[PDB]
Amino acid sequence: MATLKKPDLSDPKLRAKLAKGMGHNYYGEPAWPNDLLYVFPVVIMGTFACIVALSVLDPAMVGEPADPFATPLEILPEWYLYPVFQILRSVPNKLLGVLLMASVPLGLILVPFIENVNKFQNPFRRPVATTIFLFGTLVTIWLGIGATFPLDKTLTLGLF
């Protein structure tokens, strides 16, 4: 049952779009009420409720007042910056690490161009891609954890 509408594949205007890579909001279950009115407020409420709960149970700390003459040993960026921070301290060349930093956005920009050689979505039907991704994702989590560690058990992660 659900609630459904099949694609009218006899519609020139629809087919013309399916052709271009984008007829896909013409068929399915109706966006309204079904999702917008009824299951949205579910998602938005849940998102909010988990944040409030987290905010009550593990509230925000207030740190020491800044001191120009005293760098805190054990100073770390936020978590989403660990990976890059890790890199920056395991690349003795200052200027190099900075470009390695920049190449994360620049690189990500170039992905749609490269991977446009073919036109598959499903990652199983695109081996090479899915692999370099999994490799990156892994290396990134690795470098991230690496920052949690003392300077020189950092890369080896302390087990070799």
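Residues carry their position along the shown sequence, with the first being 1.
**Q** Do the CA atoms of 60-68 or those of 89-97 have the higher mean B-factor in the entry?
**A** That would be 89-97.
**Q** Quick check on the record: does 114-122 or 45-53 carry the larger mean Cα temperature factor?
**A** So the stretch with the higher mean C-alpha B-factor is 114-122.
**Q** Can you work out whether the C-alpha temperature factor of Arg15 puts it in the lowest, middle or highest third of the chain?
**A** Its C-alpha B-factor, which the entry lists for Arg15, ranks in the lowest third among residues of this chain.
**Q** Among all modelled residues of this chain, ranked by Cα B factor, put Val39 in the bottom, middle or top third, i.e. lowest, middle or highest.
**A** Lowest third - that is where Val39 ends up once the chain's C-alpha B-factors are sorted.
**Q** Would you please rank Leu9 by its C-alpha temperature factor against the other modelled residues of its chain and give the third it falls in: lowest, middle or highest?
**A** As the PDB entry reports it, the C-alpha B-factor of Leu9 lands in the highest third of its chain.
**Q** Would you mind ranking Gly28 by its C-alpha B-factor against the rest of the chain and naming the third, lowest, middle or highest?
**A** It belongs to the middle third of the chain when residues are ordered by C-alpha B-factor.
**Q** Using the B-factors in the PDB entry, rank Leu138's C-alpha atom against the chain and give the third, lowest, middle or highest.
**A** Middle third of the chain for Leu138's C-alpha B-factor.
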